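This report refers to the structure that appears directly beneath it.
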Amino acid sequence: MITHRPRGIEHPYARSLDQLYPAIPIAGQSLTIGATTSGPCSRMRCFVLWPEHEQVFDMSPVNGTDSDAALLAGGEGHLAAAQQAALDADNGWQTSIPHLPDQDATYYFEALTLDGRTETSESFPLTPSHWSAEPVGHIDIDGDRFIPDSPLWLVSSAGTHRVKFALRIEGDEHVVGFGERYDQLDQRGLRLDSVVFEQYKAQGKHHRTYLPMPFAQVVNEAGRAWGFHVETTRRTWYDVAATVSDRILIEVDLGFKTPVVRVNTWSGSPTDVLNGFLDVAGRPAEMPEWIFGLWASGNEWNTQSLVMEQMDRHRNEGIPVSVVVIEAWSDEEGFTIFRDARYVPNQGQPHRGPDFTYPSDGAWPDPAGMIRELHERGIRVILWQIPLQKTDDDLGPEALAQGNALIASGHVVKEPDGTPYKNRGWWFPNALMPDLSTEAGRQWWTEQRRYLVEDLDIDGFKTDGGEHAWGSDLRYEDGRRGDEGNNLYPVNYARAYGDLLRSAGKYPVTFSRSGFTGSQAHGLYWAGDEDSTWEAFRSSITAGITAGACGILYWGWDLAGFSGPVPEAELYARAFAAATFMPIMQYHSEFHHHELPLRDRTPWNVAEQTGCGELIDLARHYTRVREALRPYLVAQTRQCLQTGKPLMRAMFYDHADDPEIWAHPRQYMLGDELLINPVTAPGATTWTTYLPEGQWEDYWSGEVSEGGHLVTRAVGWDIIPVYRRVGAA
Ligand SMILES: OC[C@H]1O[C@H](OC[C@H]2O[C@H](O)[C@H](O)[C@@H](O)[C@@H]2O)[C@H](O)[C@@H](O)[C@@H]1O
Ligand SMILES: *[C@@H]1O[C@H](CO[C@H]2O[C@H](CO)[C@@H](O)[C@H](O)[C@H]2O)[C@@H](O)[C@H](O)[C@H]1O
Ligand SMILES: [Ca+2]
Ligand SMILES: [Ca+2]
Ligand SMILES: [Ca+2]
Ligand SMILES: [Ca+2]
Ligand SMILES: [Ca+2]
Ligand SMILES: [Ca+2]
Ligand SMILES: [Ca+2]
Ligand SMILES: [Ca+2]
């Protein structure tokens, strides 16, 4: 059998061997044509039927490019020569047309198998596009930066596929936004895009993100700002004065109708602009004070005994924790039932607490007892989730019935033919994806988990993933196709679990890595997966500041990285100090098959593996600081909800009339009063901070400094440079 899918697998940054490239053909440019055969073949030809002419291309056998092959397996973080996968079972064939005629056509493929059978594909349409300056559609945009003759519309006989247009930027302006970004604060000079994607590690090196938004603010050096928001959940691209040094070129994917693109715009102070966006996107929710203590997490805490051992160690060491996340809690099949729990089969109906008996010798002999006892100690409990339903052939009967009930409910993301979407990604491959686009779909999925909250009394969810939907033509029950619904997915996912919690009398404490416009209203966020490196530490600071600048208020990260051997002692020290002055303070460790040595990011395990015993005393010190900061974090957060400002706050919000702030993009304000400057280089014994105008007090020594100047500070491991505004007497 011959496979050709014009758009391919629809990984946002990679091509498969069975597609057109570009996926939307452009007249006068090259067109690469790919197809695969299920069996081995001696020949493949592409027949292209033009109105007056017919042409036959002899295709050549090909392998994926080094870049494309890598990306389809989850990228370079999932790849090493040390672990060699088998070769591709598919047999790619390829040809190209160097200068595509502007004529509509049809094409098909013909293969000769090794045993002598002729296989022939279906017929496919070829409708080349061209860029038109005719008023095919309309950009609905106010303000003074839109260049009115700039719109170009990508049109074919089929319709209108994309639009590009430009906004004017001035010589002293800086561009901050586009959601959570890992590379740099000021995006001027860069080309980027806004598509939800799972980049496993090194997000800053690859210029991608889990949490994009089609929004940015533009700030001058006099302190005035404007901003823009392309009001869409389709993919957008930005050339931020890279190609033309005074133009932001914006390209927008369109539907599958007279196209109208709405662009919201604002001007005023930087705060005015962000508030404008928040009025459209949604605003952060009120949260309980316990979110501001230390969060403890470790994927290898997979028994009640292992969790409680770590909670007892925190207590015995005097390093208090406010939250424990448990990831490996479930049967690892349905993510609904604690591992080893016994119960009567349900036909995939929701369970209640009394359905379960917990063996005394099982991994979780009394999960309700764990939660009650942790609650008595002032510790809240968060459980991990994924918006996927496994369909492995080796699942037990309960998980199989749950998947059949999901499909049978109708509440599943669908392929264009109506059958269920099977995950195209590398993680949880071929899993079903629940349709969380309507109230009924969100309720169906979360009702399966309701007993965890109502009967077991858990306090929230780590709503991991959400980036899994690839396919512009997927179908959602809200009426959207994938080209709109796929970026929206993580917003609906976080919302679904927030609503479960609210319905059960609790705060909507969800903890997610992915999102889009609207994510501001739905819980807490962390910066995703990274290595334990200095570069990742720097990237994570950038991620928090940029996420803050788009209204993601309750942000944190895996301090010192979660992946690989434990961080070196010095990195753990500097990162732990920095994390103390960020919105959510949390340590975490990646799954390691319970191999040796232990990879927990606990202060004691890191101290043990590094031979650096003083790390436990350091964690005591900074956790005391964190506890003392709680009233400040609570009050400043309340203020942030009224003002619209970030908590982890770029300098331009309060000091945009000072041009020197842009030379120090990894210092930031924590609320109104504290200026933070993490120490991000190994071997540093001093560290320099730019202070803006006003008087500033050293957090540690009380020493007063005049603002408008650089200052230098000795930085032993017990110091992170922090300056407090000097108030009126
Ligand atoms: O990118 C998908 C997924 O990758 C990790 O989980 C799977 C697995 O990845 C590698 O094989 C590592 O060596 C293992 O330790 C991991 O368990 C990430 O942990 C996960 O967050 C991510 O979504
Ligand atoms: C999301 O993924 C990681 C957790 O995934 C691992 O653990 C779950 C639960 O035991 C397994 O089902 C899964 O196969 C594993 O990969 C988090 O540790 C990480 O922080 C995150 O980004
Ligand atoms: Ca390679
Ligand atoms: Ca690698
Ligand atoms: Ca023959
Ligand atoms: Ca025009
Ligand atoms: Ca589209
Ligand atoms: Ca039952
Ligand atoms: Ca099998
Ligand atoms: Ca590593």
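Chain labels A, B, ... are given in the sequence in which chains occur in the structure tokens; within each chain residues are numbered consecutively from 1, and ligands are likewise numbered from 1 in the order shown.
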List every residue of region 80-316 of chain A that DSSP, applied to the backbone of this structure, places in alpha helix (DSSP H), and write the result as a PyMOL selection string.
-> chain A and resi 203-206+270-281+304-316
Fewer than 6 positions away in the same chain doesn't count, so skip those; otherwise give me all residues within 10 Å of region 55-71 of chain A, counting only C-alpha atoms, as a VMD selection string.
-> chain A and resid 11 to 17 33 to 36 41 to 49 77 to 79 87 to 88 90 to 97 107 to 111 199 426
What's the 10 Å shell around region 304-307 of chain A, counting only C-alpha atoms, without same-chain residues fewer than 6 positions away, as an mmCIF file with C-alpha atoms, in the first residue's frame?
```cif
data_model
loop_
_atom_site.group_PDB
_atom_site.id
_atom_site.type_symbol
_atom_site.label_atom_id
_atom_site.label_comp_id
_atom_site.auth_asym_id
_atom_site.auth_seq_id
_atom_site.Cartn_x
_atom_site.Cartn_y
_atom_site.Cartn_z
ATOM 1 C CA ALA A 296 8.421 18.508 47.255
ATOM 2 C CA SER A 297 8.314 16.134 44.246
ATOM 3 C CA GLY A 298 10.107 13.081 42.863
ATOM 4 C CA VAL A 324 3.871 17.090 48.009
ATOM 5 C CA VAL A 325 3.339 16.069 44.384
ATOM 6 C CA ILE A 326 2.987 12.321 43.723
ATOM 7 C CA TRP A 329 0.680 6.911 42.390
ATOM 8 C CA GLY A 362 0.593 -3.213 48.453
ATOM 9 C CA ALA A 363 2.243 0.008 47.346
ATOM 10 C CA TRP A 364 -0.534 2.172 48.899
ATOM 11 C CA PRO A 365 -2.072 0.397 51.951
ATOM 12 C CA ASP A 366 -4.150 3.438 53.015
ATOM 13 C CA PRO A 367 -3.983 6.427 50.650
ATOM 14 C CA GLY A 369 -4.729 7.713 55.721
ATOM 15 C CA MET A 370 -1.640 9.217 54.062
#
```
Write out, as CSV, each residue of region 418-472 of chain A that has an atom at most 9 Å from region 333-337 of chain A, together with the closest pair of atoms and their distance in Å to one decimal, counting only C-alpha atoms, rows going by chain and rising number.
```
residue,atom,partner,partner_atom,distance
A:448,CA,A:336,CA,6.8
A:449,CA,A:336,CA,6.0
A:452,CA,A:336,CA,8.2
```
Proximity check chain A to ligand 5, 8 Å, nearest pairs one decimal Å, only C-alpha atoms and all ligand atoms, as a Markdown table:
```
| residue | atom | partner | partner_atom_place_in_ligand_line | distance |
| --- | --- | --- | --- | --- |
| A:112 | CA | ligand 5 | 1 (Ca) | 7.9 |
| A:116 | CA | ligand 5 | 1 (Ca) | 5.8 |
| A:117 | CA | ligand 5 | 1 (Ca) | 6.3 |
| A:118 | CA | ligand 5 | 1 (Ca) | 6.5 |
```
The selected residues should be written to file as a compact mmCIF listing (two decimals), in the first residue's frame (atoms: N, CA, C and O atoms).
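again_10.txt, freshly written:
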```txt
# COMPACT_ATOMS: atom_id res chain seq x y z
N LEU A 112 5.87 -0.34 -8.17
CA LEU A 112 6.07 -1.74 -8.53
C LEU A 112 6.74 -2.45 -7.35
O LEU A 112 7.87 -2.08 -6.94
N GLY A 116 6.39 -7.96 -8.12
CA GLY A 116 5.82 -7.63 -9.41
C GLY A 116 4.40 -7.12 -9.43
O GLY A 116 3.78 -7.12 -10.50
N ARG A 117 3.85 -6.69 -8.29
CA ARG A 117 2.50 -6.10 -8.28
C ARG A 117 2.61 -4.60 -8.52
O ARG A 117 3.54 -3.96 -8.03
N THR A 118 1.64 -4.07 -9.26
CA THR A 118 1.48 -2.64 -9.45
C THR A 118 0.49 -2.15 -8.42
O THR A 118 -0.62 -2.67 -8.32
```
Distance filter 7 Å around ligand 1, atoms: only C-alpha atoms and all ligand atoms, out as a PyMOL selection string | chain A and resi 74+78+198+200+426-427+465+529+590-592
